[PDB]
């Protein structure tokens, strides 16, 4: 809230990777399924945030959380029961919490 506007563009070139949410399962650990195109780019132990989630609005209104990828399109999170009931929609995006200018083990290096 407003912080989105009042926040540093610290995300340098890196924009959050966003994915289409297929379904979210009200369970703990919570498990959700993403669209085949929903190439999330999320990493196990990575942090993500949600948007446009229906029913499970808690995610929309929740800070980013740690996630664990069960499969390529299936990931698991804290407790969906601590969110709400999933209706439809839902956009999920990874948020690698802001870092000080530093060298972190980058994701599989790009080949060109």
Tally, over segment 81-112, of residues that are more than 16 Å from residue 17 (Cβ to Cβ), outside any loop (DSSP other than H, G, I, E, B) and out of contact with any helix residue (DSSP H, G or I) (no Cβ under 8 Å at 6 or more places or on another chain): 3
Can you report the number of residues in segment 44-66 which are over 21 Å from residue 84 (Cβ atoms) and surrounded by 15 or more Cβ atoms within 10 Å (Cβ to Cβ)? 1
Complete set of residues in segment 1-37 that are within 11 Å of the chain's Cα centre (by Cα) and either assigned to a loop (DSSP other than H, G, I, E, B) or surrounded by fewer than 17 Cβ atoms within 10 Å (Cβ to Cβ) (or both): 16, 17
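Here's the yes/no breakdown for (1) in contact with a strand residue (DSSP E or B) (Cβ under 8 Å, 6 or more places away or on another chain); (2) within 23 Å of residue 107 (Cβ to Cβ):
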position	(1), (2)
13	no, yes
27	no, no
35	yes, yes
47	yes, yes
58	no, no
63	yes, yes
66	yes, yes
75	yes, yes
84	no, no
What are the residues in segment 69-84 that are closer than 21 Å to residue 97 by Cβ and surrounded by fewer than 17 Cβ atoms within 10 Å (Cβ to Cβ), if any? 69, 78, 79, 82
I'm told residue 48 meets every condition in (1) in contact (Cβ under 8 Å) with a residue 24 or more places away in the chain; (2) in a loop (DSSP other than H, G, I, E, B); (3) within 23 Å of residue 4 (Cα to Cα) except one. Can you identify the failing condition by its number? (2)
Every residue from segment 51-102 that is closer than 24 Å to residue 13 by Cβ, more than 14 Å from the chain's Cα centre (by Cα) and in contact (Cβ under 8 Å) with a residue 24 or more places away in the chain: 98
Among all residue pairs at least 6 apart or on different chains, which show Cβ distances below 8 Å where the first residue, located in segment 28-43, is on the phi > 0 side of the Ramachandran plot and free of Cβ contacts under 8 Å to residues at least 60 places away in the same chain and the second is surrounded by 22 or more Cβ atoms within 10 Å (Cβ to Cβ) and part of a loop (DSSP other than H, G, I, E, B)? none
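Bear in mind that the values in this text are calculations on the coordinates, not laboratory data. Reconstructed Cβ throughout: ideal geometry from the backbone, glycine too, with neighbour counts over all protein chains shown.
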